[PDB]
$ cat run13.pdb   # PDB, C-alpha atoms (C1' of nucleotides)
ATOM      1  CA  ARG A 211     -18.034  58.065 -36.028
ATOM      2  CA  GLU A 212     -14.246  57.722 -36.056
ATOM      3  CA  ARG A 213     -14.437  55.255 -33.113
ATOM      4  CA  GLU A 214     -16.142  52.454 -35.042
ATOM      5  CA  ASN A 215     -13.847  53.100 -38.019
ATOM      6  CA  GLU A 216     -10.628  52.885 -35.979
ATOM      7  CA  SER A 217     -11.896  49.909 -33.962
ATOM      8  CA  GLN A 218     -13.098  47.954 -37.024
ATOM      9  CA  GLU A 219     -10.013  48.862 -39.065
ATOM     10  CA  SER A 220      -7.955  47.074 -36.384
ATOM     11  CA  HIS A 221      -9.539  43.579 -36.536
ATOM     12  CA  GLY A 222      -7.859  41.030 -34.270
ATOM     13  CA  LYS A 223      -4.116  41.500 -34.756
ATOM     14  CA  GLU A 224      -1.701  43.925 -33.097
ATOM     15  CA  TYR A 225       1.775  42.986 -34.396
ATOM     16  CA  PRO A 226       3.255  41.335 -37.495
ATOM     17  CA  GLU A 227       3.824  37.660 -36.719
ATOM     18  CA  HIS A 228       7.388  36.348 -36.891
ATOM     19  CA  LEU A 229       8.761  33.539 -39.038
ATOM     20  CA  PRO A 230      11.688  31.068 -39.257
ATOM     21  CA  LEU A 231      15.431  31.636 -39.566
ATOM     22  CA  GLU A 232      16.360  29.895 -42.837
ATOM     23  CA  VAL A 233      14.253  32.648 -44.436
ATOM     24  CA  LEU A 234      16.649  35.131 -42.823
ATOM     25  CA  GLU A 235      19.743  33.197 -43.899
ATOM     26  CA  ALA A 236      18.523  33.458 -47.488
ATOM     27  CA  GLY A 237      17.256  37.030 -47.252
ATOM     28  CA  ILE A 238      20.716  38.014 -46.028
ATOM     29  CA  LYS A 239      22.650  36.033 -48.640
ATOM     30  CA  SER A 240      20.501  37.027 -51.636
ATOM     31  CA  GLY A 241      21.058  40.558 -50.339
ATOM     32  CA  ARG A 242      17.789  42.029 -49.130
ATOM     33  CA  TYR A 243      18.351  42.234 -45.347
ATOM     34  CA  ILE A 244      20.741  44.371 -43.297
ATOM     35  CA  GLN A 245      21.122  43.746 -39.560
ATOM     36  CA  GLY A 246      22.554  45.893 -36.764
ATOM     37  CA  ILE A 247      22.012  47.041 -33.171
ATOM     38  CA  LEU A 248      18.949  49.065 -32.144
ATOM     39  CA  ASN A 249      18.658  51.909 -29.649
ATOM     40  CA  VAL A 250      15.964  54.376 -28.561
ATOM     41  CA  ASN A 251      15.822  58.066 -27.728
ATOM     42  CA  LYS A 252      14.833  58.945 -24.143
ATOM     43  CA  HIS A 253      13.127  62.324 -24.400
ATOM     44  CA  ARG A 254      10.807  60.665 -26.930
ATOM     45  CA  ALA A 255      10.758  56.950 -26.169
ATOM     46  CA  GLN A 256       7.591  55.722 -27.890
ATOM     47  CA  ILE A 257       8.424  57.078 -31.340
ATOM     48  CA  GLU A 258      12.115  57.724 -31.996
ATOM     49  CA  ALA A 259      13.685  54.275 -32.382
ATOM     50  CA  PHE A 260      16.939  54.034 -34.350
ATOM     51  CA  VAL A 261      18.583  51.070 -36.101
ATOM     52  CA  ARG A 262      22.377  51.500 -35.992
ATOM     53  CA  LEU A 263      23.706  50.415 -39.395
ATOM     54  CA  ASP A 276      20.529  55.536 -39.144
ATOM     55  CA  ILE A 277      17.174  53.907 -39.929
ATOM     56  CA  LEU A 278      14.417  55.944 -38.270
ATOM     57  CA  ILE A 279      11.827  53.555 -36.838
ATOM     58  CA  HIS A 280       8.587  55.482 -36.259
TER      59      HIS A 280
ATOM     60  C1'   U B   1     -46.784 -19.205  78.421
ATOM     61  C1'   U B   2     -45.272 -16.840  71.383
ATOM     62  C1'   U B   3     -43.055 -22.703  67.541
ATOM     63  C1'   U B   4     -41.663 -23.973  61.697
ATOM     64  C1'   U B   5     -39.945 -22.315  56.726
ATOM     65  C1'   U B   6     -39.142 -18.973  52.511
ATOM     66  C1'   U B   7     -31.680 -20.914  46.738
ATOM     67  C1'   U B   8     -28.096 -16.732  44.298
ATOM     68  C1'   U B   9     -23.456 -11.485  42.406
ATOM     69  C1'   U B  10     -24.334 -13.088  32.464
ATOM     70  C1'   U B  11     -22.451 -17.726  29.781
ATOM     71  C1'   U B  12     -18.217 -16.849  25.819
ATOM     72  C1'   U B  13     -13.282 -15.747  23.397
ATOM     73  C1'   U B  14      -7.118 -18.823  20.240
ATOM     74  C1'   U B  15     -10.242 -11.829  14.505
ATOM     75  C1'   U B  16      -8.297 -11.282   7.970
ATOM     76  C1'   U B  17      -7.107  -6.413   5.611
ATOM     77  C1'   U B  18      -2.145  -5.648  -0.298
ATOM     78  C1'   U B  19      -1.759   3.040   0.546
ATOM     79  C1'   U B  20       1.015   8.308  -0.177
ATOM     80  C1'   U B  21       2.370  16.065  -0.983
ATOM     81  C1'   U B  22      -1.492  18.767  -3.540
ATOM     82  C1'   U B  23      -6.644  18.932  -5.119
ATOM     83  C1'   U B  24     -10.547  23.947  -8.541
ATOM     84  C1'   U B  25     -10.785  30.479 -12.427
ATOM     85  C1'   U B  26     -11.257  36.614 -12.748
ATOM     86  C1'   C B  27     -10.624  40.836 -18.326
ATOM     87  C1'   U B  28      -8.374  44.823 -21.651
ATOM     88  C1'   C B  29      -4.781  48.539 -19.468
ATOM     89  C1'   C B  30      -1.824  56.965 -23.076
ATOM     90  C1'   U B  31       5.409  56.307 -18.970
ATOM     91  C1'   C B  32       5.067  64.648 -20.811
ATOM     92  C1'   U B  33       9.381  67.820 -23.892
ATOM     93  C1'   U B  34      17.547  71.210 -24.913
ATOM     94  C1'   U B  35      19.386  67.138 -28.280
ATOM     95  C1'   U B  36      22.369  64.715 -31.676
ATOM     96  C1'   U B  37      23.477  60.299 -28.194
ATOM     97  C1'   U B  38      29.030  62.081 -25.009
ATOM     98  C1'   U B  39      33.567  59.219 -25.881
ATOM     99  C1'   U B  40      41.318  60.939 -26.624
ATOM    100  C1'   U B  41      44.057  62.226 -22.240
ATOM    101  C1'   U B  42      46.473  61.511 -17.015
ATOM    102  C1'   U B  43      46.737  60.759 -11.943
ATOM    103  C1'   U B  44      43.019  54.624  -8.154
TER     104        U B  44
END

$ encode --input "run13.pdb" --output "structure tokens"
Amino acid sequence: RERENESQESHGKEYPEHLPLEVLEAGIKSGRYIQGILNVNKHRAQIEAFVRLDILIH
RNA sequence: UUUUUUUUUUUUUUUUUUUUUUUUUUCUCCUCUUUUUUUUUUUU
């Protein structure tokens, strides 16, 4: 019963689609976007992703 | 004492041409474990 619910609450997209750069120019300048390097743990490497300014990406 | 006649190896040579490696399939796919990540230092 789960199966149909998880498979029909997934539709036909897997990842957020990207977008242009001038957006990122502005989003920086206006002050709503930080940007740094990104590393990963290695015991847990599918979950524990960090964004060195640390932002936990789950 | 046994004369005379019954052809034979197809004729021909003095014709133009402006293309080009290959060639045509097989789907989506659960990466297991002390961690933040250590870090100066000196002898190459």

$ atom_distance --input "run13.pdb" --atom1 "atom CA of residue 251 of chain A" --atom2 "atom CA of residue 223 of chain A"
26.9 Å

$ closest_atom_pairs --input "run13.pdb" --of "chain B" --to "chain A" --cutoff "10 Å" --atoms "all atoms listed in the file" --output "Markdown table"
| residue | atom | partner | partner_atom | distance |
| --- | --- | --- | --- | --- |
| B:31 | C1' | A:255 | CA | 9.0 |
| B:32 | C1' | A:253 | CA | 9.1 |
| B:33 | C1' | A:253 | CA | 6.7 |
| B:34 | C1' | A:253 | CA | 9.9 |
| B:35 | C1' | A:253 | CA | 8.8 |
| B:37 | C1' | A:251 | CA | 8.0 |

$ residues_near_point --input "run13.pdb" --point "(13.7, 57.2, -38.2)" --cutoff "12 Å" --atoms "all atoms listed in the file" --output "PyMOL selection string"
chain A and resi 248-251+257-262+276-280

$ write_last_selection --input "run13.pdb" --atoms "C-alpha atoms" --output "PDB file, keeping the file's coordinate frame"
ATOM      1  CA  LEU A 248      18.949  49.065 -32.144  1.00  0.00           C
ATOM      2  CA  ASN A 249      18.658  51.909 -29.649  1.00  0.00           C
ATOM      3  CA  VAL A 250      15.964  54.376 -28.561  1.00  0.00           C
ATOM      4  CA  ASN A 251      15.822  58.066 -27.728  1.00  0.00           C
ATOM      5  CA  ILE A 257       8.424  57.078 -31.340  1.00  0.00           C
ATOM      6  CA  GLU A 258      12.115  57.724 -31.996  1.00  0.00           C
ATOM      7  CA  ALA A 259      13.685  54.275 -32.382  1.00  0.00           C
ATOM      8  CA  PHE A 260      16.939  54.034 -34.350  1.00  0.00           C
ATOM      9  CA  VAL A 261      18.583  51.070 -36.101  1.00  0.00           C
ATOM     10  CA  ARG A 262      22.377  51.500 -35.992  1.00  0.00           C
ATOM     11  CA  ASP A 276      20.529  55.536 -39.144  1.00  0.00           C
ATOM     12  CA  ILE A 277      17.174  53.907 -39.929  1.00  0.00           C
ATOM     13  CA  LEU A 278      14.417  55.944 -38.270  1.00  0.00           C
ATOM     14  CA  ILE A 279      11.827  53.555 -36.838  1.00  0.00           C
ATOM     15  CA  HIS A 280       8.587  55.482 -36.259  1.00  0.00           C
TER      16      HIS A 280
END

$ resolve_selection --input "run13.pdb" --expression "the PyMOL selection byres ((chain A and resi 245) around 9)" --output "NGL selection string"
:A and (238 or 243-244 or 246-247 or 261-263)

$ atom_distance --input "run13.pdb" --atom1 "atom CA of residue 241 of chain A" --atom2 "atom CA of residue 225 of chain A"
25.1 Å

$ atom_distance --input "run13.pdb" --atom1 "atom CA of residue 217 of chain A" --atom2 "atom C1' of residue 27 of chain B"
18.1 Å

$ decode --input "run13.pdb" --residues "chain A" --atoms "C-alpha atoms" --output "short mmCIF file (atom, residue, chain, number, x, y, z; two decimals), in the first residue's frame"
data_model
loop_
_atom_site.label_atom_id
_atom_site.label_comp_id
_atom_site.auth_asym_id
_atom_site.auth_seq_id
_atom_site.Cartn_x
_atom_site.Cartn_y
_atom_site.Cartn_z
CA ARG A 211 0.00 0.00 0.00
CA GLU A 212 3.02 2.21 0.69
CA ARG A 213 4.56 1.16 -2.68
CA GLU A 214 1.98 2.90 -4.87
CA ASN A 215 2.07 5.94 -2.56
CA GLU A 216 5.87 6.32 -2.70
CA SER A 217 5.98 5.59 -6.44
CA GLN A 218 3.15 8.01 -7.32
CA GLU A 219 4.43 10.69 -4.93
CA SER A 220 7.64 10.72 -7.01
CA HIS A 221 6.20 11.59 -10.47
CA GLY A 222 8.85 12.06 -13.16
CA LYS A 223 11.57 14.19 -11.59
CA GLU A 224 14.55 13.20 -9.45
CA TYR A 225 16.55 16.42 -8.88
CA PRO A 226 15.86 20.16 -8.78
CA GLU A 227 16.70 21.61 -12.20
CA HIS A 228 19.43 24.25 -12.37
CA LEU A 229 19.20 27.80 -13.69
CA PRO A 230 21.36 30.66 -15.04
CA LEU A 231 24.20 32.62 -13.45
CA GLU A 232 22.96 36.24 -13.51
CA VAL A 233 20.38 34.97 -11.00
CA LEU A 234 23.32 33.97 -8.79
CA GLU A 235 25.12 37.28 -9.30
CA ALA A 236 22.01 39.05 -8.01
CA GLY A 237 21.21 36.56 -5.26
CA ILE A 238 24.74 37.09 -3.96
CA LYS A 239 24.69 40.89 -4.22
CA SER A 240 21.21 41.40 -2.75
CA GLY A 241 22.50 39.15 0.03
CA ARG A 242 20.63 35.87 0.03
CA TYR A 243 23.34 33.40 -1.09
CA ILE A 244 26.52 32.25 0.64
CA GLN A 245 29.04 30.10 -1.24
CA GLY A 246 31.90 27.90 -0.03
CA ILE A 247 33.63 24.54 -0.52
CA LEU A 248 31.82 21.24 0.09
CA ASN A 249 33.14 18.01 1.59
CA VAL A 250 31.67 14.66 2.66
CA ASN A 251 32.14 12.29 5.59
CA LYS A 252 33.50 8.82 4.74
CA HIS A 253 32.05 6.53 7.40
CA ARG A 254 28.64 7.84 6.29
CA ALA A 255 28.97 8.99 2.69
CA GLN A 256 25.38 9.07 1.44
CA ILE A 257 24.02 11.33 4.17
CA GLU A 258 26.61 13.48 5.95
CA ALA A 259 27.57 16.18 3.44
CA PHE A 260 29.01 19.43 4.82
CA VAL A 261 29.22 22.92 3.29
CA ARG A 262 32.34 24.68 4.61
CA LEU A 263 31.36 28.30 5.29
CA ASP A 276 29.07 24.06 8.91
CA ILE A 277 25.87 23.56 6.90
CA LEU A 278 24.69 19.97 7.36
CA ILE A 279 23.41 18.67 4.03
CA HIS A 280 21.19 15.63 4.68
#
